[PDB]
Engineer: 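To start, I am sharing the structure in question, which I have written as C-alpha cells.
Throughout, a chain's letter reflects where its sequence line sits, starting with A, and its residues are numbered from 1.
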Amino acid sequence: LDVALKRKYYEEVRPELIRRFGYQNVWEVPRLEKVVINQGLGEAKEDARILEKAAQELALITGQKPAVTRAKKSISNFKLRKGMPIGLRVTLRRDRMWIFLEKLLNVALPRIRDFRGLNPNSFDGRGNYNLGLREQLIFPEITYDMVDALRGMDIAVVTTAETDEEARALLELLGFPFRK
Amino acid sequence: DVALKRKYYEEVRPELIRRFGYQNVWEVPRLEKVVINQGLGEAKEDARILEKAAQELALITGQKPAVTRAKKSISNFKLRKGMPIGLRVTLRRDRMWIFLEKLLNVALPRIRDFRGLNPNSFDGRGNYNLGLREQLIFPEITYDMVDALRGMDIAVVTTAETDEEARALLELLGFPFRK
RNA sequence: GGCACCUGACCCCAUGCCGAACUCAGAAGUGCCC
RNA sequence: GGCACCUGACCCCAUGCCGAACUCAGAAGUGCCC
Ligand SMILES: [K+]
Ligand SMILES: [K+]
Ligand SMILES: [Mg+2]
Ligand SMILES: [Mg+2]
Ligand SMILES: [Mg+2]
Ligand SMILES: [Mg+2]
C-alpha cells in the first residue's frame, strides 16, 4: 500500500513534528484520523437526477459509497418545503483517505484558476480543519462538477492533534496550500 | 455517590495541569472506561447459577453483563462450538465513577492484609490492570452464591498517552499503590 | 439550515454489555458553507 | 486459554458511508488473570 502522501507523513512530516514540539513517544505525534466529505443539496434544487449525479461522481473521486443524509423532523408545511434526502456523506479513513487527499491537494486544487490557497484560519479550536469547496474538482478518475447544481461540499479534516497550531503544522508540512 | 468525579474535576484536573503543564484543559488525561472480566465458577456448565451470577455482577456494576464464549469454529467431529467462559461489563461515565468509588471505599478496604496495588501493572500506553481474586469484598454477593463466580480482571483505560501520566492520574484520584 | 468538532439523552432509535458505536438533542459553544 | 492495549482484515461477520463500531485475526508484541 505505497501511497505518496502517506509516505511523506512518516518520512518527512512525522520527524519534523517531533522536532517542533518534541514528542516523547512516536504515538503522541499528531496523525490524520478521518476526512468527512459532505455534499449537501440545500433544497435550492430538487430534481431527483441531482442526488444521483452527485452520488455517483462523489463515489468515484473518493472510491467509497456515499450515504444519503436525510431531513429529520418536518418543517414549514406549505406543500413544497422539506424533501427527505438532504445530501451525501462519506467518511474516509486509512488508505482511501491518503489517496483522496493526494488527489485533492496535488491535482484537483491546483488545476483551478480561482485559487490562491487555503485559509489557514479555518481551524475549529480542537485540532481539526474545515474546508468548503464550490468549484469544479478535477480528479484522475472523473471530474466533480456540480458547481451550478449543488452548493459546496463540506470537507472536515479531523486529526489527533489537540490544538490548532499542531493541526496546521501537520497540514502545512503535509502539503495543504494555505496562505500562511 | 459520584464524589470521585467531583474530586477529579475539582482536585485532580488542576493538580495534573500543574504537574505536567497542560496548556489546554482537554489535554489533561481522564478515565475513558473500565472493563470488568469475570471468569466462571459454579455458574459454569449450568443455567441457573449463571443467572444468579450475572444478576450478581449486574448489581455490583449497575449494568447488564455480557457473556464471553469460546469462538465457533468446529473441526470435523461436531460437538458444538464453545460455551460461556465468563462475563464482561464495560463501564463508562457515571456507572464507571460509582464503581471506582465502591472499589476503593468499600471493596479494597474489606481486604485483609492488603498491601496496595502494584504500581507496575501499567500496560505501556497509559492503562492499568488488576485482579481481585477472592471475594467477600462486595456487599452485594449474597451468601449461598459466592463460588458461582471466580475472580475479576479489571482494566482501567485512560486518555493518558503514557504510564507516567496515567499513574499520576490514578495516584491523585486515590488509588493505594504499593510502590 | 447543513457537515465537522464539543457536550449531552427529555424524544425516535440503539448496545452479544457499554448513548463507545448507531440514533436523537443543543438561538445565546467552536470552525466552515448556503 | 480469558479480558484490556496494540496492529491488522472481505476467513465468519459488519458499516444510512466508514474493519470508526460490530466480527474475526495476530507463538516469536505490552499489561493483568497462569
Ligand atoms: K457523543
Ligand atoms: K482495532
Ligand atoms: Mg483533533
Ligand atoms: Mg491510554
Ligand atoms: Mg440507532
Ligand atoms: Mg459483526
Engineer: What's B/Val67 touching, base or sugar-phosphate or nothing? Going by heavy atoms closer than 4.0 Å.
Structural biologist: base
Engineer: I need the CG-P distance between A/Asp95 and D/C17, as an integer number of Å.
Structural biologist: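 Interatomic distance, CG of A/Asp95 to P of D/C17: 22 Å.
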Engineer: How far does the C1' atom of C/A9 sit from the matching atom of C/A21, given to the nearest Å?
Structural biologist: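 Roughly 15 Å separates the two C1' atoms.
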Engineer: Atom NZ of B/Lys81 and atom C1' of D/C13: how far apart are they, to the nearest Å?
Structural biologist: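 In whole Å, D/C13 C1' and B/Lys81 NZ are 13 Å from each other.
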Engineer: Could you identify the nucleotide paired to D/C32, looking across every strand shown and requiring Watson-Crick or G-U wobble geometry with both distances under 3.5 Å?
Structural biologist: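 Base partner found: D/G2.
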Engineer: Can you give me the closest heavy-atom contact between A/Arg151 and A/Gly40, atom names plus distance?
Structural biologist: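 What the structure gives for the nearest pair is CG-O, 4.1 Å.
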Engineer: Tell me the closest heavy-atom pair linking B/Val146 and B/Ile141, and the distance in Å.
Structural biologist: CA-CG2, 4.1 Å
Engineer: Does D/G31 stack on D/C32, meaning their six-ring centres are under 5.5 Å apart and the planes differ by under 30°?
Structural biologist: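 Yes, stacked.
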Engineer: Please determine if a side-chain N or O atom of A/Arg96 lies less than 4.0 Å away from the OP1 or OP2 oxygen of D/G19.
Structural biologist: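 Checking A/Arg96 against D/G19: at least one side-chain N or O falls below 4.0 Å of OP1 or OP2.
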Engineer: Map B/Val156 and A/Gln64 onto RNA chain D by nearest heavy atom, then report which one ends up closer to the 5' terminus.
Structural biologist: B/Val156
Engineer: Taking A/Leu131's backbone N and O only, do any of them form a donor-acceptor pair with A/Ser122's side chain (distance below 3.5 Å, no angle check)?
Structural biologist: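 Flag not set: sc A/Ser122 to bb A/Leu131 has no pair under 3.5 Å.
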Engineer: Where do B/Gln135 and B/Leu149 land on the side-chain contact (heavy atoms from CB on, under 4.5 Å) test, with the steps shown first?
Structural biologist: CA-CA 9 Å; B/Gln135 309 297 204; B/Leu149 304 172; 5.9 Å; no
Engineer: Rounded to whole angstrom, note down the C1' distance from D/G1 over to D/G16.
Structural biologist: 39 Å
Engineer: Roughly how many Å apart are C/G19 and C/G26, using the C1' atom of each and rounding to a whole number?
Structural biologist: 15 Å
Engineer: Say we look at D/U30 and D/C12: how far apart would their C1' atoms be, to the nearest angstrom?
Structural biologist: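 Pairwise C1' distance, D/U30 against D/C12, rounds to 28 Å.
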Engineer: Between the side chains of A/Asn38 and A/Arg89, is a donor N or O closer than 3.5 angstrom to an acceptor N or O?
Structural biologist: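 Side-chain D/A pair, A/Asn38 to A/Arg89: absent.
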Engineer: Looking at every non-hydrogen atom in both residues, tell me the closest pair between B/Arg95 and B/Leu91 and how far apart they are.
Structural biologist: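 Shortest heavy-atom separation between B/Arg95 and B/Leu91 comes out as O-CD1, 3.8 Å.
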Engineer: Taking any heavy-atom pair under 4.0 Å as a contact, classify B/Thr61: base, sugar-phosphate, or nothing.
Structural biologist: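 Nothing, no nucleic acid heavy atom in range.
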Engineer: Restricting to non-hydrogen atoms, name the atom on A/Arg31 and the atom on A/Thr160 that form the minimum distance, rounded to 0.1 Å.
Structural biologist: N-OG1, 2.7 Å
Engineer: Using a cut-off of strictly less than 4.0 Å between a heavy atom of the residue and any atom of RNA chain C, enumerate the qualifying residues of residues 30-40 of chain A by number.
Structural biologist: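 Heavy-atom cutoff 4.0 Å gives A/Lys34, A/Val36, A/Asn38.
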Engineer: Looking at D/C3, does its base get a donor-acceptor pair with the side chain of B/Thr68 below 3.5 Å?
Structural biologist: no
Engineer: When you check every protein heavy atom under 4.0 Å of nucleotides 21-33 of chain C, what one-letter string (B, S, -) results, 5' to 3'?
Structural biologist: ---SS----BBBB
Engineer: Taking the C1' atom in each of C/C3 and D/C17, what is the distance between them to the nearest angstrom?
Structural biologist: 14 Å
Engineer: In whole Å, measure the gap between the P atoms of C/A4 and C/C10 for me.
Structural biologist: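 C/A4 and C/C10 have their P atoms separated by 23 Å.
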Engineer: Show the numbers, then the answer: is there a side-chain contact (heavy atoms from CB on, under 4.5 Å) between B/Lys44 and B/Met83?
Structural biologist: CA-CA 9 Å; B/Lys44 175 189 303 175; B/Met83 302 177 269; over 6 Å; no
Engineer: Rounded to the nearest 0.5 Å, what separates atom CG in B/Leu108 from atom CG in B/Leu132?
Structural biologist: 6.5 Å
Engineer: Looking at every non-hydrogen atom in both residues, tell me the closest pair between A/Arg116 and A/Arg179 and how far apart they are.
Structural biologist: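 So the minimum-distance heavy-atom pair works out to O-CG, 4.2 Å.
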Engineer: Can you measure B/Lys64 atom NZ to C/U15 atom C1' for me and round it to whole angstrom units?
Structural biologist: 10 Å
Engineer: Starting at atom CG of A/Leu60, determine the distance to atom P of D/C17, rounded to an integer number of angstrom.
Structural biologist: 16 Å
Engineer: Rounded to whole Å, how long is the line connecting atom CG of A/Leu92 with atom P of D/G19?
Structural biologist: 11 Å
Engineer: Hey, is D/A27 sitting syn or anti, using the within-90° cutoff around 0?
Structural biologist: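 Anti, angle beyond 90° from zero.
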Engineer: Taking C/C34 as the reference, what is the distance to C/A14 when you measure between their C1' atoms (whole Å, please)?
Structural biologist: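 My reading of the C1' atoms in C/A14 and C/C34 gives 32 Å.
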Engineer: Carefully, step by step, assess A/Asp2 and A/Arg7 under the rule side-chain contact (heavy atoms from CB on, under 4.5 Å).
Structural biologist: CA-CA 7 Å; A/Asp2 183 58; A/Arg7 190 171 80 175; 3.9 Å; yes
Engineer: Whole angstrom is fine here: how far is it from CE in A/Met97 over to P in D/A20?
Structural biologist: 10 Å
Engineer: Please determine, for the side chain of B/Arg92, which listed nucleotide (C/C18, C/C3, D/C17) has the closest atom?
Structural biologist: C/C18
Engineer: Quick one: B/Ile98 CD1 to C/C18 P, roughly how many Å, whole number?
Structural biologist: 15 Å
Engineer: Let's see if you can work this out: which of C/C17, D/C17, D/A20 has an atom nearest to the side-chain heavy atoms of A/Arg94?
Structural biologist: D/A20
Engineer: Under a 4.0 Å heavy-atom cut-off, which of residues 163-180 of chain A touch RNA chain C?
Structural biologist: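 Residues of residues 163-180 of chain A under 4.0 Å from RNA chain C: none.
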Engineer: Could you please name the partner base of D/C24, counting Watson-Crick and G-U wobble pairs only when both distances are under 3.5 Å?
Structural biologist: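 Here D/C24 is engaged in a pair, and the nucleotide opposite it is D/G8.
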Engineer: Are B/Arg167 and B/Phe177 in a cation-pi setup, meaning NZ or CZ lies under 6.0 angstrom from the ring centre and within 45 degrees of the ring axis?
Structural biologist: no
Engineer: Is a side-chain donor or acceptor of B/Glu140 paired with a backbone partner of B/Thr61 at a separation under 3.5 angstrom?
Structural biologist: no
Engineer: Roughly how far apart, to the nearest Å, are C/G31 and C/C6 at atom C1'?
Structural biologist: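 Pairwise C1' distance, C/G31 against C/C6, rounds to 11 Å.
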Engineer: Testing A/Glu28, A/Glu166, A/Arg14 one by one against A/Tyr23 for a side-chain hydrogen bond (donor to acceptor under 3.5 Å, both in side chains), which residue passes?
Structural biologist: A/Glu166
Engineer: Is there a Watson-Crick or G-U wobble partner for C/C13 with both distances under 3.5 Å, and which nucleotide is it?
Structural biologist: C/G19
Engineer: Determine the contact category for A/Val158: base if any of its heavy atoms lies under 4.0 Å from a base atom, sugar-phosphate if only primed atoms, P, OP1 or OP2 are that close, otherwise nothing.
Structural biologist: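 Sugar-phosphate only.
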